[PDB]
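Notes to accompany the following structure.
Counting neighbours? That spans all protein chains shown, and the Cβs are built from the backbone with ideal geometry, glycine included. We did not get these values from a lab; they are worked out from the coordinates using the rules stated.
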Amino acid sequence: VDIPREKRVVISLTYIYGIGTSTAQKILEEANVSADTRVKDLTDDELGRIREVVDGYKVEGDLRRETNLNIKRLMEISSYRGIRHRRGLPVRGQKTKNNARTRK
Amino acid sequence: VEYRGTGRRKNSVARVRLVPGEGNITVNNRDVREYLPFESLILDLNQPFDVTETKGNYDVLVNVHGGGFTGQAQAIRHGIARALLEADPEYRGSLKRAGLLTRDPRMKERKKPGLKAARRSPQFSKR
Amino acid sequence: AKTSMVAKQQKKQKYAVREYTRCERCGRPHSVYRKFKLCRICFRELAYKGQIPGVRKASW
Amino acid sequence: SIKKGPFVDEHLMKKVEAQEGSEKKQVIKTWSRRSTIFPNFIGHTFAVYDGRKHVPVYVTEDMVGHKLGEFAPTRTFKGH
Amino acid sequence: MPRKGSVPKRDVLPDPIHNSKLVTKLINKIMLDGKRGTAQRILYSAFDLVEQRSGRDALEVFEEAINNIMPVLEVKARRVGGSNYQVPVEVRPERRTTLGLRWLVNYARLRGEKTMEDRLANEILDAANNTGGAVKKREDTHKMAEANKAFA
Amino acid sequence: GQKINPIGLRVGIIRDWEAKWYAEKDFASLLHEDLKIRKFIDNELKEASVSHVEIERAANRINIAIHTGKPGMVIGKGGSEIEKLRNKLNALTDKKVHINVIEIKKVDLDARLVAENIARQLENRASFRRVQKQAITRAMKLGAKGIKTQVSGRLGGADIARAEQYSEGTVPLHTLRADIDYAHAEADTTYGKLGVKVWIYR
Amino acid sequence: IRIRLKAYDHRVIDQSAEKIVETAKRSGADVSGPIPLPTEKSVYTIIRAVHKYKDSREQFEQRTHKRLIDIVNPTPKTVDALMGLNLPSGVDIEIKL
RNA sequence: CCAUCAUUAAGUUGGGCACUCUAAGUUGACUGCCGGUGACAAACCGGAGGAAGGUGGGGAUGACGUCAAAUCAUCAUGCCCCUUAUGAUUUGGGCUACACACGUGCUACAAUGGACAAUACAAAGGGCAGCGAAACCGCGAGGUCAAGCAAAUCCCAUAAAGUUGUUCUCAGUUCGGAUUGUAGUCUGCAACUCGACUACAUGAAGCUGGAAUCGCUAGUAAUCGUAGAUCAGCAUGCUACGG
């Protein structure tokens with residue numbers, strides 16, 4: 001709905017919280033965020049065509065659109081083996097020690 | 001040579017079948033310019049290769065074997081090396097020192113773990 | 001405490017993921033090769049007992 | 001470390017027709033986190049087993065879509 | 001590490017195109033693992049920019065740079081301990097600063113990207129007549145130790 | 001004393017390999033049938049003091065190959081012990097008919113298994129120099145290759161061994177294809193370990 | 001493939017790979033037998049611990065290769081090149097055909 | 001395993017093309033050896049025969065000696081105690097922990113390349129229903145069960161990467177790929193504990209990461225990995241060695 005114009009659009013969804021392994025895997029890899037869009041890249045009908053990917057739940061910081069908060073009810077199990085992002089600093093029993101150190 | 005002539009370096013055998021005539025790029029009959037866009041390892045061995053004029057004297061026709069992709073090639077030069085004593089003895093003056101006369105300079109110096117060479121101490125714990 | 005807790009895989013044992021498939025005559029319960037059921041270095045020691053031939057170096 | 005066999009208890013699932021249709025006990029010789037969680041695990045009780053005793057941890061109605069394996073707190077981490 | 005000491009070092013070899021190792025050590029700055037797939041192209045989009053921006057090839061106007069990089073004459077001193085004791089000294093190609101490859105003028109690769117493809121072509125031609133620029137090949141290895149006279 | 005335990009010395013000319021084993025199936029049980037039987041004769045041969053190791057399994061028609069050439073213990077009288085093992089060692093091996101034996105020619109000259117011949121020279125600790133340890137002085141100078149002798153078997157509770165030397169001499173002392181082996185045994189020090197390290201030189 | 005009647009290095013496989021030239025010419029056949037091949041080895045995978053103490057290495061050699069020779073062309077009356085008794089009992093003569 | 005035999009399927013089959021590649025052991029090797037500034041006080045260098053060079057060069061074992069240093073929670077035990085358990089045993093749990101001070105195996109911000117397929121190849125080492133090829137079952141997993149002959153070959157494999165060419169303009173950009181319903185997909189009552197598929201609904205950072213740390217000078221890293229033994233259903237670890 002508010003994808004960036006004037007340049008390539010495959011930086012639209014790659015690094016957004018809430019959506020991961022559909023950001024650059026289902027919304028850009030499976031679906032279409034344009035990869036060769038100039039300032040004039042058919043922003044007359046294509047712009048409105050790709051707005052049905054913004055209509056599910058709570059998307060990309062757009063928290064009424066696509067993705068996020070279906071795990072809300074799931075939050076209350078008193079459980080461990082989904083904390084990797086459900087609780088996304090993974091404190092799911094693994095290391096934040098000396099050398100377990102790459103991502104978050 | 002129609003036999004297992006000494007074409008062999010850097011993990012290569014060669015059935016150097018010495019058909020008189022064309023000496024060309026007979027490494028599976030292809031090119032190396034952007035297939036080896038490095039484009040540095042083929043023509044550099046001209047002091048052994050091109051000096052005898054075995055480009056219209058004999059083919060190599062090497063049967064290749066061994067060496068992971070960055071390892072094998074350049075062995076047609078040794079395929080024509082032992083040919084040069086029977087293909088074109090035009091530059092046999094420099095092969096006693098280094099060339100086609102005796103052997104090959106560089107090859108698979110099998111992995112010696114814990115050292116690289118000659119007094120080093122690169123950026124491991126040391127320098 | 002003498003003899004036969006090592007005899008688990010000697011008898012029919014349930015889980016050999018512990019892997020008491022070992023060598024002969026020393027201490028190793030768990031995590032080496034497979035042959036004579038309780039040891040680690042016996043794969044060479046007992047292998048040099050006429051099972052498999054010899055071994056050399058020559059002079060670097 | 002496999003992903004085989006969605007497994008309700010298969011011996012206590014024989015009793016879970018009466019312990020999840022009804023409620024399961026509160027502090028008993030149970031484990032209260034392996035047997036998978038689903039939105040039909042609503043309003044029941046269960047006892048998590050560290051070794052001190054089986055301390056009650058509930059199985060409420062919001063329990064649908066999460067997983068298990070600190071089924072006893074292996075660290076009690078606090079440490080430093 | 002004394003009792004033992006220190007002895008000279010290694011160097012490089014030319015290429016059959018121009019018979020020049022000045023281009024060789026510059027490729028050896030980038031000679032990835034035998035896989036020089038376009039490290040070759042990065043060298044040929046760095047070294048050609050002195051032979052192109054300056055009309056003459058590797059041996060005449062590039063010689064304005066490559067007469068002055070790893071040495072015949074450099075700055076060096078002898079076993080004198082902790083004092084100044086400085087004088088100009090002639091040298092060999094053992095430890096290296098003023099005829100073929102060393103220190104300052106020629107950072108080919110130091111402009112406003114995080115690239116190698118086009119960055120080497122950016123900051124390259126400053127060693128046209130041996131005039132500074134940025135740290136790869138010579139300039140600042142000539143002007144060391146000639147300062148104090150009165151309160152020295 | 002920060003020393004490792006050797007087995008093979010100079011293998012490639014002098015040191016050899018007696019591997020003639022063909023019991024190919026059942027590496028868990030048929031291998032057991034010919035290796036665990038080696039855990040058997042440590043007691044019966046009465047201070048065997050034997051030569052070397054020569055094991056051989058004759059194409060799974062296994063006749064047991066351990067010589068221990070001190071006669072009588074393995075001979076009997078015209079096939080008494082051997083023929084008895086023909087029926088007894090059917091539990092050891094498949095047949096084990098007429099187990100063999102050799103004659104030992106100055107067994108203290110054999111580099112490896114001399115260690116028993118000298119562990120039974122001082123383990124008694126009672127007249128342990130003349131009645132038993134006569135043979136350190138008998139087996140001295142038959143010209144063995146590895147010239148190294150030591151004894152450590154329960155002498156006051158010793159946790160190390162002994163050596164003897166003098167001094168002079170000149171030679172080109174480098175030789176690269178000799179033969180020698182280890183020795184280590186089961187005496188009780190009672191507080192801090194020492195399994196007796198024991199060799200002699202012929 | 002890689003000769004071994006039970007003799008492995010060339011102070012004994014100068015007997016085995018040298019009698020491959022001869023024992024392959026024993027009895028009934030017209031074989032295409034002897035094919036001196038590359039070698040094979042065998043590593044003694046061991047270390048020296050029960051809890052902790054391990055990690056040492058040195059200079060190996062090893063060979064034991066039991067053969068496959070291509071002796072599959074028999075003649076049951078003209079004893080030429082297959083089936084002479086060649087030490088099968090003590091020597092583990094495993095010559096695949 | 002063709003270079004031409006022809007009946008090139010190259011049944012590499014008739015013979016044996018197949019001297020060679022094939023699959024090439026032996027012994028060529030040993031400055032065995034000349035001229036020297038070698039002054040002899042010599043061999044190595046200069047050479048020069050060697051397939052190999054000056055041991056051609058490496059891949060298990062290390063003294064006179066054993067600190068008995070992890071391990072009586074391995075066995076042959078000195079010794080006891082437990083002899084209705086401290087033996088235990090089962091499975092109920094987890095034992096793969098979970099702020100960790102430390103750590104390591106595998107990582108992107110590339111344009112020698114991010115995805116795609118190929119260029120093609122494999123040494124390896126495996127097998128008794130084998131690999132799972134082959135169709136197969138896939139962008140995601142990869143079963144299906146025979147295949148091949150118990151395997152000189154067979155399967156592995158299209159291996160792959162490197163490279164073809166870009167995708168992008170070197171950002172934080174298909175960069176790149178964990179997470180919960182996932183299938184339980186490969187799967188045995190019992191995985192969701194005690195994997196991941198890159199795949200969908202599920203961001204994990206990151207500007208070449210700082211000084212430092214700590215491996216790599218030749219088929220090894222880079223390029224990436226293919227087989228094998230633990231894996232009673234769990235590998236990235238490990239070992240064999242590859243284009």
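For this structure, a couple of remarks:
- Shape call, the stretch F:1-97: gyration tensor on alpha carbons, a/c limit 1.5: oblate
- Karplus-based coupling profile of the stretch D:31-47, in residue order and whole Hz: 10, 6, 10, 6, 3, 4, 10, 7, x, 10, 10, 8, x, 9, 10, 6, 10, with θ = phi - 60° in 6.51 cos²θ - 1.76 cosθ + 1.60 and x standing for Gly or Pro.
- Chain B: C-alpha pair distances exceeding 17 Å, %: 60
- Of all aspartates and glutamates in the structure, the ones whose alpha carbon falls short of 16 Å from that of F:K133, not counting any fewer than 8 places away in one chain, are F:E47, F:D108, F:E116, F:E123.
- In the protein assembly as shown, the DSSP-assigned H stretches of four residues or longer account for a calculated mean residue ellipticity at 222 nm of -2500 deg cm²/dmol, using -39500 (n - 2.57) per stretch and the full residue count as denominator.
- Directionally averaged shadow of the stretch F:87-130, computed from the convex hull of its alpha-carbon atoms, nm²: 5.4
- Per DSSP, loop trypsin sites (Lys or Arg not before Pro) in the stretch D:18-47 with at most 16 further Cβ within 10 Å: D:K25, D:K29, D:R34
- Summarised in one figure, the compactness ratio Rg/Rh of the stretch A:5-104, Cα atoms and Kirkwood Rh, is 1.09.
- In the stretch E:102-152, GluC sites (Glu not before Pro) in a DSSP loop with at most 12 other beta-carbon atoms within 10 Å: E:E113, E:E117, E:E146
- Backbone N under 13 Å from the E:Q86 label point (7 Å along Cα→Cβ), restricted to the stretch E:113-152: E:141-150, E:152
- The modelled label-to-label distance between B:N46 and B:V13, using points 7 Å beyond Cα along the C-beta direction, is 3.4 nm.
- Placing a label point 7 Å from the Cα of G:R11 along the Cα-to-Cβ line, the residues of the stretch G:59-73 whose backbone N sits under 20 Å from it are G:59-65.
- Cα-centre dipole for chain A with unit charges at Cβ (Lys and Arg positive, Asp and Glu negative), debye to 20: 1120
- Summary value for the stretch F:1-156: 20 percent relative contact order, contacts being C-alpha pairs under 8 angstrom separated by 6+ residues.
- When the Gaussian network model of chain B links Cα atoms closer than 10 Å, the mean-square fluctuations of B:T54, B:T70, B:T26 top out at B:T70.
- Of F:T170, F:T68, F:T149, the one that fluctuates the most in a GNM where chain F has Cα springs shorter than 10 Å: F:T170
- Over 25 Å (Cα to Cα) - which of F:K145/G:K66; C:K35/F:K145; F:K3/F:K193 fall in this group: F:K145/G:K66; C:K35/F:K145
- Expressed in units of 2.2 N^0.38 Å, where N is the residue count, the Cα radius of gyration of the stretch B:71-127 is 1.71.
- Between A:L47 and G:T45, the distance separating the two model label sites (each 7 Å from Cα on the Cα→Cβ line) works out to 6.5 nm.
- Kirkwood Rh, angstrom, chain D [1 / mean 1/r, Cα pairs]: 13.4
- Per-residue HN-Hα couplings for the stretch F:9-15 [Karplus 6.51, -1.76, 1.60; θ = phi - 60°; Hz; x = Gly/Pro]: 8, 9, 5, x, 10, 7, 7
- Remark: relative contact order (chain B) = 32 percent; criterion is Cα-Cα distance under 8 angstrom and separation of 6 or more residues.
- Within the stretch D:29-80: Cβ-based charge dipole about Cα centre, in debye rounded to nearest 20 (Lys, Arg +1; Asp, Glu -1): 320
- Alpha carbon Rg of chain G, scaled by the compact-globule rule 2.2 N^0.38 Å: 1.43
- Label-point separation, A:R38 to G:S32 (7 Å along Cα→Cβ), nm: 6.8
- Three-way shape label, the stretch F:82-202, alpha-carbon gyration tensor, a/c 1.5: oblate
- In chain C, Cα pairs under 8 Å separated by at least six residues give a relative contact order of 22 percent.
- Exposure rule at most 16 other beta-carbon atoms within 10 Å, DSSP loop chymotrypsin sites (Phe, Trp or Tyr not before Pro): chain F longest free segment: F:41-127
- Which of B:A118, B:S94, B:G23, positive extreme of dipole for chain B (C-beta unit charges): B:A118
- Stokes-Einstein D for the protein assembly as shown, Kirkwood Rh over Cα pairs, 37 °C, 0.692 mPa s (µm²/s): 87
- Of the trypsin sites (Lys or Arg not before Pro) in the stretch G:33-96, the ones in a loop by DSSP (not H, G, I, E or B) with at most 10 other beta carbons within 10 Å are G:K52, G:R57, G:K77.
- Long-range amide H partners of E:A134 with built H, under 5 Å: E:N106, E:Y107
- If the Kirkwood radius is taken over C-alpha pairs of chain C, then at 10 °C and 1.306 mPa s the Stokes-Einstein diffusion coefficient equals 125 µm²/s.
- Residues whose placed amide H lies under 5 Å from that of F:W21, excluding near-sequence neighbours: F:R57
- Debye log10 I(q)/I(0) at q = 0.10, 0.11, 0.15 Å⁻¹ for chain F, Cα point scatterers: -0.54, -0.65, -1.10
- Of G:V12, G:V50, G:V31, the residue with the greatest mean-square motion in the GNM of chain G, using alpha carbon springs below 10 Å, is G:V50.
- Only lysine pairs 8 or more places apart or on separate chains count here, and in chain B those with Cα atoms under 17 Å apart total 5.
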